[PDB]
file entry.csv (CSV, C-alpha atoms)
chain,number,residue,atom,x,y,z
A,1,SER,CA,106.3,138.8,154.2
A,2,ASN,CA,102.8,137.2,153.2
A,3,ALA,CA,99.2,138.1,154.2
A,4,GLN,CA,99.6,141.5,152.5
A,5,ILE,CA,99.1,142.1,148.8
A,6,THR,CA,98.6,145.1,146.5
A,7,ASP,CA,96.3,145.8,143.5
A,8,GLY,CA,98.8,146.1,140.7
A,9,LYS,CA,101.5,144.0,142.4
A,10,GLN,CA,100.6,140.3,143.1
A,11,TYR,CA,97.1,140.7,141.7
A,12,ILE,CA,95.2,143.0,139.3
A,13,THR,CA,91.5,144.0,139.0
A,14,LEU,CA,89.7,142.6,135.9
A,15,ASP,CA,89.3,144.9,132.9
A,16,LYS,CA,85.4,144.8,133.3
A,17,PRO,CA,84.5,143.3,136.8
A,18,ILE,CA,80.7,143.0,136.6
A,19,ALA,CA,77.8,140.5,137.0
A,20,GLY,CA,77.7,137.2,138.9
A,21,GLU,CA,79.8,135.1,136.6
A,22,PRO,CA,82.3,132.3,137.6
A,23,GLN,CA,83.9,133.5,140.8
A,24,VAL,CA,87.2,131.7,139.8
A,25,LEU,CA,88.2,130.5,136.4
A,26,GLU,CA,91.5,129.4,134.8
A,27,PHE,CA,92.7,130.1,131.2
A,28,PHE,CA,95.7,128.5,129.2
A,29,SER,CA,96.5,126.4,126.0
A,30,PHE,CA,98.6,123.3,125.6
A,31,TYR,CA,101.2,125.2,123.6
A,32,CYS,CA,101.9,128.0,126.2
A,33,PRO,CA,105.3,127.5,127.9
A,34,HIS,CA,104.5,129.5,131.0
A,35,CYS,CA,101.6,127.1,131.7
A,36,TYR,CA,103.9,124.1,131.2
A,37,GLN,CA,106.0,125.1,134.2
A,38,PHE,CA,102.9,125.9,136.3
A,39,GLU,CA,101.2,122.5,135.5
A,40,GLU,CA,104.1,119.9,135.3
A,41,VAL,CA,107.1,121.5,137.1
A,42,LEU,CA,106.0,124.2,139.6
A,43,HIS,CA,102.4,122.6,139.9
A,44,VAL,CA,100.7,125.8,140.9
A,45,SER,CA,97.1,124.3,140.8
A,46,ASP,CA,98.0,121.7,143.5
A,47,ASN,CA,99.8,124.3,145.6
A,48,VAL,CA,96.8,126.7,145.4
A,49,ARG,CA,94.5,123.8,146.5
A,50,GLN,CA,96.4,123.4,149.8
A,51,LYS,CA,95.3,127.0,150.5
A,52,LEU,CA,91.9,127.2,148.7
A,53,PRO,CA,88.7,128.1,150.6
A,54,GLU,CA,85.7,125.9,150.1
A,55,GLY,CA,83.9,128.0,147.4
A,56,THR,CA,86.6,128.4,144.7
A,57,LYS,CA,86.5,125.1,142.7
A,58,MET,CA,89.4,124.5,140.3
A,59,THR,CA,88.4,125.1,136.6
A,60,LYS,CA,90.3,125.0,133.2
A,61,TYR,CA,89.0,126.6,130.1
A,62,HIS,CA,91.1,126.3,126.9
A,63,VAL,CA,92.0,128.9,124.3
A,64,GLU,CA,92.8,128.7,120.5
A,65,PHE,CA,95.0,131.9,120.2
A,66,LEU,CA,98.0,129.5,120.6
A,67,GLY,CA,99.4,127.3,117.9
A,68,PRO,CA,98.0,126.1,114.5
A,69,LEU,CA,96.0,123.3,116.3
A,70,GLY,CA,94.4,126.2,118.3
A,71,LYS,CA,90.9,125.5,116.8
A,72,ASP,CA,91.4,121.7,117.3
A,73,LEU,CA,92.4,122.2,120.9
A,74,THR,CA,89.2,124.0,121.7
A,75,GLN,CA,87.2,121.0,120.5
A,76,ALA,CA,89.1,118.1,122.2
A,77,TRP,CA,89.0,119.8,125.6
A,78,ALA,CA,85.2,119.6,125.5
A,79,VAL,CA,85.4,115.8,125.3
A,80,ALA,CA,87.7,116.0,128.4
A,81,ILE,CA,85.4,118.4,130.4
A,82,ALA,CA,82.3,116.4,129.6
A,83,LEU,CA,83.9,113.2,131.2
A,84,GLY,CA,85.8,115.2,133.8
A,85,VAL,CA,89.4,114.0,132.9
A,86,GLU,CA,91.3,117.3,132.4
A,87,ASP,CA,93.8,116.8,135.2
A,88,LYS,CA,94.3,113.1,134.1
A,89,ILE,CA,95.1,114.4,130.5
A,90,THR,CA,97.2,117.5,131.4
A,91,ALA,CA,100.4,115.7,132.4
A,92,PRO,CA,100.9,113.1,129.6
A,93,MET,CA,99.4,115.7,127.2
A,94,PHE,CA,102.1,118.3,128.0
A,95,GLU,CA,104.8,115.6,127.9
A,96,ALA,CA,103.6,114.9,124.3
A,97,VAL,CA,103.0,118.5,123.3
A,98,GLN,CA,106.0,120.3,124.9
A,99,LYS,CA,108.6,117.7,126.2
A,100,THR,CA,108.7,115.2,123.3
A,101,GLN,CA,106.6,117.4,120.8
A,102,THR,CA,104.8,114.4,119.0
A,103,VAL,CA,101.4,116.1,118.9
A,104,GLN,CA,101.0,117.3,115.3
A,105,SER,CA,97.5,116.2,114.2
A,106,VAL,CA,94.2,115.4,115.9
A,107,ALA,CA,94.9,111.6,115.7
A,108,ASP,CA,98.0,112.2,117.9
A,109,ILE,CA,96.1,114.0,120.6
A,110,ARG,CA,93.2,111.6,120.8
A,111,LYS,CA,95.8,108.9,121.5
A,112,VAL,CA,96.8,110.5,124.9
A,113,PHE,CA,93.1,110.7,125.8
A,114,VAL,CA,92.7,106.9,125.3
A,115,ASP,CA,96.1,106.2,126.9
A,116,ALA,CA,95.0,108.1,130.1
A,117,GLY,CA,91.6,106.2,130.0
A,118,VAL,CA,89.1,107.7,127.6
A,119,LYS,CA,86.8,105.6,125.4
A,120,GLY,CA,87.4,105.3,121.7
A,121,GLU,CA,83.7,105.9,121.3
A,122,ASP,CA,83.4,108.9,123.6
A,123,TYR,CA,86.0,110.8,121.7
A,124,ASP,CA,84.7,109.8,118.2
A,125,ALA,CA,81.1,110.6,119.4
A,126,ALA,CA,81.5,113.7,121.5
A,127,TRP,CA,83.7,115.4,118.8
A,128,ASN,CA,80.5,115.8,116.7
A,129,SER,CA,78.0,116.0,119.6
A,130,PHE,CA,76.0,119.1,120.8
A,131,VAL,CA,77.6,118.7,124.3
A,132,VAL,CA,80.9,119.7,122.8
A,133,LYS,CA,79.3,122.4,120.6
A,134,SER,CA,77.8,124.1,123.7
A,135,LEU,CA,81.1,123.5,125.6
A,136,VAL,CA,83.3,125.3,123.0
A,137,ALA,CA,80.6,128.1,123.0
A,138,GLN,CA,81.4,128.7,126.7
A,139,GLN,CA,84.9,130.0,125.8
A,140,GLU,CA,83.6,131.5,122.6
A,141,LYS,CA,81.7,133.6,125.1
A,142,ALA,CA,84.3,133.8,127.9
A,143,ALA,CA,87.5,134.5,125.9
A,144,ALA,CA,85.6,136.3,123.1
A,145,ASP,CA,84.1,139.1,125.3
A,146,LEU,CA,87.3,141.3,125.2
A,147,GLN,CA,88.0,140.5,128.9
A,148,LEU,CA,91.4,138.6,128.5
A,149,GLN,CA,93.5,137.9,125.4
A,150,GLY,CA,96.7,136.4,126.8
A,151,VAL,CA,97.6,133.5,129.1
A,152,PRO,CA,98.3,131.8,131.6
A,153,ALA,CA,95.6,133.5,133.7
A,154,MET,CA,93.6,132.9,136.8
A,155,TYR,CA,90.6,134.9,138.1
A,156,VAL,CA,89.4,135.5,141.7
A,157,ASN,CA,86.2,136.9,143.4
A,158,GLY,CA,84.8,137.5,139.8
A,159,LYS,CA,86.7,140.8,139.9
A,160,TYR,CA,90.5,140.0,140.2
A,161,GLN,CA,93.3,138.4,138.2
A,162,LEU,CA,96.5,136.9,139.6
A,163,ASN,CA,99.7,138.7,138.5
A,164,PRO,CA,102.6,136.2,138.0
A,165,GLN,CA,104.5,139.1,136.5
A,166,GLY,CA,104.7,140.8,139.9
A,167,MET,CA,105.9,138.1,142.2
A,168,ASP,CA,109.1,136.7,143.8
A,169,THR,CA,110.2,134.6,140.8
A,170,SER,CA,113.9,134.3,141.7
A,171,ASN,CA,113.7,131.0,143.4
A,172,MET,CA,110.5,129.4,142.1
A,173,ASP,CA,109.6,127.3,145.2
A,174,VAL,CA,109.1,130.7,146.9
A,175,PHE,CA,107.1,132.0,143.8
A,176,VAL,CA,104.4,129.3,144.2
A,177,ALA,CA,104.4,129.7,148.0
A,178,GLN,CA,103.4,133.3,147.7
A,179,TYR,CA,101.2,132.9,144.6
A,180,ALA,CA,98.9,130.5,146.5
A,181,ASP,CA,98.7,133.1,149.4
A,182,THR,CA,97.4,136.0,147.3
A,183,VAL,CA,94.9,133.6,145.6
A,184,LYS,CA,93.4,132.8,149.1
A,185,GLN,CA,93.7,136.4,150.3
A,186,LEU,CA,91.5,137.9,147.6
A,187,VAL,CA,88.6,135.7,148.6
A,188,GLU,CA,88.4,137.6,151.9
A,189,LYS,CA,89.2,141.0,150.5
A,190,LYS,CA,86.0,141.4,148.5

call {"tool": "encode", "arguments": {"input": "entry.csv", "output": "structure tokens"}}
result
Amino acid sequence: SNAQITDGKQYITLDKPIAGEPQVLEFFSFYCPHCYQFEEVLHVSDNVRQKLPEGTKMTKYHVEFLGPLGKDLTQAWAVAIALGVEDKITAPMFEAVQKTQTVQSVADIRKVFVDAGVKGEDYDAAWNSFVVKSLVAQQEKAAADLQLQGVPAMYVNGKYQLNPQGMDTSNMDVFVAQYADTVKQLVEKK
């Protein structure tokens, strides 16, 4: 079908659409299994990019509501964001968190960062730096504000959410095909 969506079907409105705020933002945790498929298998971010309009910008916040290393995850991501390496440490990260499941302590995670090409100093510095403090505080303002409490999730026009629970997810290659369409469509639909 395509180029025709419905509020409640392929997208939802936010719980409290107000203010300026980031026009698009992206929320998940390394232990979610739905985000694994979207970020290693189905590769939704890349599929979306092939349709994105030139305002959107791809983001990735973290959240701590998932797994025991929840609070740890919050902190290491802020090393990543500060260098801009998130994409580079999503794949091998998810292979070590979900596929092989060898991440169990901080020392296991900070390996993959180095492996993928992060300094041994940047990690061991930034972990205790203000940069990271203020970074974690972004999501302790943007998860905390009662606006979203479960993931994976993806925002549009600072007033919409995607609804992967209301799509054609029989065949998967067709899921992503239509997912990326409603993402683009909302940017024109105010």

call {"tool": "atom_distance", "arguments": {"input": "entry.csv", "atom1": "CA of residue 132 (chain A)", "atom2": "CA of residue 161 (chain A)"}}
result
27.2 Å

call {"tool": "closest_residue", "arguments": {"input": "entry.csv", "among": "A:157, A:90, A:169, A:139", "to": "residue 36 (chain A)", "atoms": "all atoms listed in the file"}}
result
A:90

call {"tool": "residues_near_point", "arguments": {"input": "entry.csv", "point": "(88.1, 136.4, 126.9)", "cutoff": "12 Å", "atoms": "all atoms listed in the file", "output": "JSON list (two decimals) with C-alpha atoms, in the coordinates of the input"}}
result
[["chain", "number", "residue", "atom", "x", "y", "z"],
["A", 14, "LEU", "CA", 89.70, 142.60, 135.90],
["A", 15, "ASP", "CA", 89.30, 144.90, 132.90],
["A", 16, "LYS", "CA", 85.40, 144.80, 133.30],
["A", 25, "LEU", "CA", 88.20, 130.50, 136.40],
["A", 26, "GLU", "CA", 91.50, 129.40, 134.80],
["A", 27, "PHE", "CA", 92.70, 130.10, 131.20],
["A", 28, "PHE", "CA", 95.70, 128.50, 129.20],
["A", 61, "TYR", "CA", 89.00, 126.60, 130.10],
["A", 62, "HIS", "CA", 91.10, 126.30, 126.90],
["A", 63, "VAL", "CA", 92.00, 128.90, 124.30],
["A", 64, "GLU", "CA", 92.80, 128.70, 120.50],
["A", 65, "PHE", "CA", 95.00, 131.90, 120.20],
["A", 137, "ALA", "CA", 80.60, 128.10, 123.00],
["A", 138, "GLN", "CA", 81.40, 128.70, 126.70],
["A", 139, "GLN", "CA", 84.90, 130.00, 125.80],
["A", 140, "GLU", "CA", 83.60, 131.50, 122.60],
["A", 141, "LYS", "CA", 81.70, 133.60, 125.10],
["A", 142, "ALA", "CA", 84.30, 133.80, 127.90],
["A", 143, "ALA", "CA", 87.50, 134.50, 125.90],
["A", 144, "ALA", "CA", 85.60, 136.30, 123.10],
["A", 145, "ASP", "CA", 84.10, 139.10, 125.30],
["A", 146, "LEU", "CA", 87.30, 141.30, 125.20],
["A", 147, "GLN", "CA", 88.00, 140.50, 128.90],
["A", 148, "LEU", "CA", 91.40, 138.60, 128.50],
["A", 149, "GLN", "CA", 93.50, 137.90, 125.40],
["A", 150, "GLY", "CA", 96.70, 136.40, 126.80],
["A", 151, "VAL", "CA", 97.60, 133.50, 129.10],
["A", 153, "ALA", "CA", 95.60, 133.50, 133.70],
["A", 154, "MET", "CA", 93.60, 132.90, 136.80],
["A", 155, "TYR", "CA", 90.60, 134.90, 138.10]]

call {"tool": "closest_residue", "arguments": {"input": "entry.csv", "among": "A:172, A:136, A:87, A:100", "to": "residue 113 (chain A)", "atoms": "all atoms listed in the file"}}
result
A:87

call {"tool": "closest_residue", "arguments": {"input": "entry.csv", "among": "A:85, A:162, A:12, A:58", "to": "residue 181 (chain A)", "atoms": "all atoms listed in the file"}}
result
A:162

call {"tool": "closest_residue", "arguments": {"input": "entry.csv", "among": "A:174, A:183, A:80, A:19", "to": "residue 4 (chain A)", "atoms": "all atoms listed in the file"}}
result
A:183

call {"tool": "residues_around", "arguments": {"input": "entry.csv", "residues": "residue 116 (chain A)", "least_positions_apart": "4", "cutoff": "12 Å", "atoms": "all atoms listed in the file", "output": "list in words"}}
result
residues 80, 85, 86, 87, 88, 89, 90, 91, 92, 93, 109, 110, 111, 112 and 120 of chain A

call {"tool": "closest_residue", "arguments": {"input": "entry.csv", "among": "A:82, A:35, A:5, A:76", "to": "residue 127 (chain A)", "atoms": "all atoms listed in the file"}}
result
A:76

call {"tool": "atom_distance", "arguments": {"input": "entry.csv", "atom1": "CA of residue 69 (chain A)", "atom2": "CA of residue 96 (chain A)"}}
result
13.9 Å

call {"tool": "closest_residue", "arguments": {"input": "entry.csv", "among": "A:60, A:51, A:159, A:9", "to": "residue 180 (chain A)", "atoms": "all atoms listed in the file"}}
result
A:51
